[PDB]
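Student: Can you look at this? It's an experimental structure, sequence on top.
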Amino acid sequence: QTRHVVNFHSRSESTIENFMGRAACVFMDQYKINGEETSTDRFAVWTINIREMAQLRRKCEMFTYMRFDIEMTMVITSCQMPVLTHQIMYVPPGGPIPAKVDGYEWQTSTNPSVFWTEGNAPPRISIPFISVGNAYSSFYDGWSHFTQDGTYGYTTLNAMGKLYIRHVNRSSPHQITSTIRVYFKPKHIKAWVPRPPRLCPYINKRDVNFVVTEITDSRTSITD
Amino acid sequence: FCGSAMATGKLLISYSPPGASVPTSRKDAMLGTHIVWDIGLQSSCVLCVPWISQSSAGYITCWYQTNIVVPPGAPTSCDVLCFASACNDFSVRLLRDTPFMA
Amino acid sequence: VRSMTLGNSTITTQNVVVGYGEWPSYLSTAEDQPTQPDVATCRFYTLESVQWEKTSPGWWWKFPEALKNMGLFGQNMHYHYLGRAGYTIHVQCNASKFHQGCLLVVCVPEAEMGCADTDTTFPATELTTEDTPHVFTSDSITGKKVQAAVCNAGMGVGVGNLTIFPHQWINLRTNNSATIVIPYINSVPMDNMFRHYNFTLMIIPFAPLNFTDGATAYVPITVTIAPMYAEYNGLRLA
Amino acid sequence: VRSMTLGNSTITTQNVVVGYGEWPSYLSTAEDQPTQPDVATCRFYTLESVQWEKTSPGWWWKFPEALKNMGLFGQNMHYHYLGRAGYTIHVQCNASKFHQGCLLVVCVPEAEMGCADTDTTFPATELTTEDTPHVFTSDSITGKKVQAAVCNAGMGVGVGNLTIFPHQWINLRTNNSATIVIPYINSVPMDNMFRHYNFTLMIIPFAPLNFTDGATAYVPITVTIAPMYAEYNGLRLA
Amino acid sequence: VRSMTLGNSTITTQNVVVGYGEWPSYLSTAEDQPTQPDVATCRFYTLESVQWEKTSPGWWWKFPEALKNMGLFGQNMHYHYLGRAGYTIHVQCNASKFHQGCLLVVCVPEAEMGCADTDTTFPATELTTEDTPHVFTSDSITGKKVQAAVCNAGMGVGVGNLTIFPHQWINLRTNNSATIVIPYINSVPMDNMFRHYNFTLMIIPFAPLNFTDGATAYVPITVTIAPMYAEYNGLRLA
């Protein structure tokens, strides 16, 4: 490459909606169709949070507070029959969860769910700003239980819900193993209180713990 | 300049254009672009470096014009902090993933 | 030289960094009604002076509960379970003319800090010791406590670019005093003052203290907090 | 007869082909600021005269760097890494009245030339020898150098329909002088003057020189370039 | 504190002694025509800093040719054989508050100096070493060089009454900076810049430097010259 005259004047790509509002795959999971009537491998879960993969997690930690609608579009495949129909049930933060693929929670009228049959365009489900407070908090320097009990750093304001996914087909002659890819996207996003970027690598998906990392890459002397 | 309130000296902050070679001596840095920054008068000297873009860059060297002159009470060795931001307005186009995260 | 006074507390001062360009203010409903103390609460609460030697790596205080034993403000924390305030923070250094050094006085809202040996948590008495400050460390440490190494202050960020927050430099060459006004940054209008630490005043020496063999071996840093526009929940019926 | 002068260089001339109907001009930002030399740079740089015999197939010069050793213009190429100019090019021939012939004086922006034996490249000293011209050849050649056969000048096109560019015919029957103005054709407003050859002045004899046994056995072709509206990057701070 | 700038050279300054009450100016004929560079030439040329100890007797520089290797001004001396300039001379000292001393900063036009052992001359490299200063001596010296004893600076006059020239005292008790403007004193409007030394900036410590066993053993004297209103002969034809 060579250093060219990069002559233009634009910061439309540096706004918050043009920086955060990009769809990224945040959840791959397998789920079967038949066998093991009491099993946990016939549906998917994915509690919705921004701390899924470190590339997106890093961008949400530029800012302390942010509020945004989310608009996820699943991309569902299958392996190994009839034409298959799926169900992507979003439960709110206050919502019952299934324990099995044939639980009664799947029939709850307050849990919105899409019934996508195979071959069409991917299913898209949009979720508004659910939180109780006025913004989602990326960081919470505080304790969930009063009087400095356990569970540091986890507030219940930035709870977004869960996403239970199953086949609606009751059975099949052979085994069908479906794969789902959830494409998370912030929408109509506002952000408050900027914050310095992450320096150290991430350890765990529910905490801010880190190993002490060097500031920059080292060089030989101060003058070279 | 984070030294004493009694330490006094001069530093010569030279700037090389993106094509030019670095000054090997203090005189050759004086013949280019520089600012003889008197520490005893002002303690904070501000630059504004243009022609900064990518899609072979400049140099900010610093030289002893004079040594640090110090009374018997104040310490001899001092420190200089540096800062950096966008000078007036900054242009930026094509979003990508950062290299640091693995 | 301006001799400010608030209530029954007078300090002697010598430019204000208003945090995020906003001055603290009150929240302005009969379903939930706030109580505005105004009386007391607003006076100056001078913390214990902190000696800054050549080998001091830094300090941090976690507010609002750093004032949990400070008078009426520390007593209204026990009777009301919701509140908010503004916290004008003066930081003097009263060094001599032959001392040299530089401080970063920054407030860092929502400083969620990391444990020293990850895969576990810390016993909640490692973040705060009410009035007294937890110091940083110069290198890495282990044990069930806060990873208090500078260059990674508490949060895993670079300590140099901690200037994004409401900050003020105290260069002993030029100035000695700092003052920061932090207008209650939070995502809910009122929150409990014992669970949640709204911000973390941390003072970090970038250029280390230096002097010769005749001066005093330290420089006492004096911290003074004035809780402004503190309002609480209502205790009366409607 | 008009005696033009620029700076400290006067030539004697005897219609101008303005390239692409535009006269060179300046670029009109504090983030990037150009420097306009004006002083010197604009004077006439007469290259070495080129003898045109009966068997000469042609010549080419690659600009801007054909002037890389020509005075202040060739010295500002080493101190600034960005620039642009206009290059008024006079081409006299000063033949006699009994000589006959015809030249194509064409400028060809972005003349990317091809290697003589393909599957390889040439050592970069085959495109240009600063001041002196690389001649074409009458037939095909081999070796790691430019395929300089006329009828396929450099680019693999027909040499007859090379008239699409800013050109001028020098028919010794009628005229002797040509002048072309080339207003800096490029896709970026400023570019480095050593990497990129903005255009390729190539002079190609279509009708060959002819004369009898008493005349001089050659006709010297004189090339003169005036870099107009040359501007560079800024070296000062802002 | 005023931060003067000229071209691409900025210094930081802290009253001007205009030499002989006149500010330098241009010479204002087609038989002889001057060229005014204006561009560059006027920037600040900071010489090497000079350490002033307790036993330093003095220094001298001989201008215009002390700047003979200083950039474009030192390069226009080789291309033009006639010229004139003004030379604003800043002299800082940046000592401490516990140092004491006093300097005479005087310019002395036409300082014809005397040989050390009379009946002979000196080899012309004893008057000037371009950028670096020739020091004086505290007593008499012998050999084919300049009689550089103070009390008889160079010219056989008393060194105390050297105040008749454009001068400025630098008393470290009060001030540290000096500035002198010398409007080209000569008997011919233009003269060669290598034969003739128009003036001799000599800095002479009257009261010697003194300090105690803790301070720095020297005080660096910084000399800065800005050639103003420099004009040369013409190189073009008429």
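Tutor: Happy to help now that I have it. Residues are numbered from 1 along each chain as shown, chains lettered A, B, ... in the order given.
Student: can we go C-alpha only for contacts and neighbour counts from here?
Tutor: Will do.
Student: what about the residue in chain B that chain A sits nearest to, distance to chain D?
Tutor: Per C-alpha to the nearest C-alpha, residue B:91 is where chain B lies closest to chain A, at 5.3 Å. From residue B:91 across to chain D, the span is 9 Å (C-alpha to the nearest C-alpha, to the nearest Å).
Student: Just give me the neighbour total for that residue.
Tutor: Counted with other C-alpha atoms under 10 Å in any protein chain shown, the neighbours of residue B:91 add up to 16.
Student: got the residues of chain B near chain E?
Tutor: Counting by C-alpha under 8 Å from any C-alpha of the partner chain, chain B comes close to chain E at B:6-9, B:27, B:30-38, B:40-42, B:65-67, B:69-73.
Student: List only those of these flagged as buried.
Tutor: Buried members of these, scored by 16 or more other C-alpha atoms under 10 Å in any protein chain shown, are B:6-9, B:27, B:30-38, B:40-41, B:65-67, B:69-73.
Student: ok now do residue 32, which residues does it touch?
Tutor: No chain was given, so I picked chain A. By C-alpha atoms under 8 Å, 6 or more residues apart in numbering or on different chains, residue A:32 lies in contact with A:41-43, A:175-178.
Student: other chain: chain B
Tutor: Neighbouring residues of residue B:32 by C-alpha under 8 Å, 6+ apart: B:14-16, E:8.
Student: picking that back up, I'd assumed residue A:11 was in contact with the residue of chain B closest to chain A.
Tutor: Yes - counting by C-alpha atoms under 8 Å, residue A:11 is a contact partner of residue B:91 at 5.9 Å.
Student: give me the element residue A:67 is part of.
Tutor: strand A:63-77 (DSSP states H and E).
Student: Check whether that strand comes near chain C.
Tutor: Yes - on the criterion C-alpha under 8 Å from any C-alpha, strand A:63-77 is in touch with chain C at A:64-65.
Student: quick one on the thing from earlier: tell me which two in the contacts of residue B:32 are the farthest apart.
Tutor: Pairwise distances across the contacts of residue B:32 peak at 11.5 Å for B:16 and E:8 (criterion: C-alpha to C-alpha).
Student: still on that earlier bit, would you report the backbone torsion angles of the residue of chain B closest to chain A?
Tutor: Per-residue torsions, residue B:91: phi -110, psi 140 (degrees, to the nearest 10).
Student: Residue B:66 too?
Tutor: Backbone torsions of residue B:66, given as degrees, to the nearest 10, read phi -130, psi 160.
Student: Can you tell me the closest non-neighbouring residue to it?
Tutor: Once flanking residues are discounted, residue B:66 sits nearest to residue B:10: 5.0 Å by C-alpha to C-alpha, 6 or more residues apart in numbering or on different chains.
Student: Give me the sheet partners of the strand holding residue A:67 and which way each runs.
Tutor: According to DSSP bridges, strand A:63-77 forms sheet pairs with strand A:124-127 (antiparallel), strand A:136-137 (antiparallel), strand A:178-184 (antiparallel), strand A:186-194 (antiparallel).
Student: What residues does chain B have near chain A?
Tutor: So chain B meets chain A at B:53-56, B:90-95, B:97-98, B:101 (C-alpha under 8 Å from any C-alpha).
Student: about what we covered before: now neighbour count too, for the contacts of residue B:32, in TSV please.
Tutor: Below are the contacts of residue B:32 laid out as TSV (neighbours: other C-alpha atoms under 10 Å in any protein chain shown):
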residue	neighbour count
B:14	23
B:15	26
B:16	22
E:8	19
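Student: would JSON lines of these with secondary structure be doable?
Tutor: Output for those, formatted as JSON lines (DSSP: H, G, I helix; E, B strand; the rest coil):
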{"residue": "B:14", "secondary structure": "strand"}
{"residue": "B:15", "secondary structure": "strand"}
{"residue": "B:16", "secondary structure": "strand"}
{"residue": "E:8", "secondary structure": "coil"}
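Student: and chain D, which of the residues you listed reach it?
Tutor: B:15-16, E:8.
Student: In chain A, what residue lies closest to chain E?
Tutor: Chain E sits closest to residue A:223 of chain A, with a gap of 21.3 Å, by C-alpha to the nearest C-alpha.
Student: Next, work out how far apart that residue and residue B:22 are.
Tutor: 11 Å (C-alpha to C-alpha, to the nearest Å).
Student: For those two, indicate the residue with more neighbours.
Tutor: Taking neighbours as other C-alpha under 10 Å, residue A:223 and residue B:22 compare with residue B:22 leading, 17 against 7.
Student: so is that one in a helix, a strand, or just coil?
Tutor: Classification of residue B:22 by three-state DSSP places it in coil.
Student: Find the nearest non-adjacent residue to it, please.
Tutor: residue B:16 (6.5 Å).
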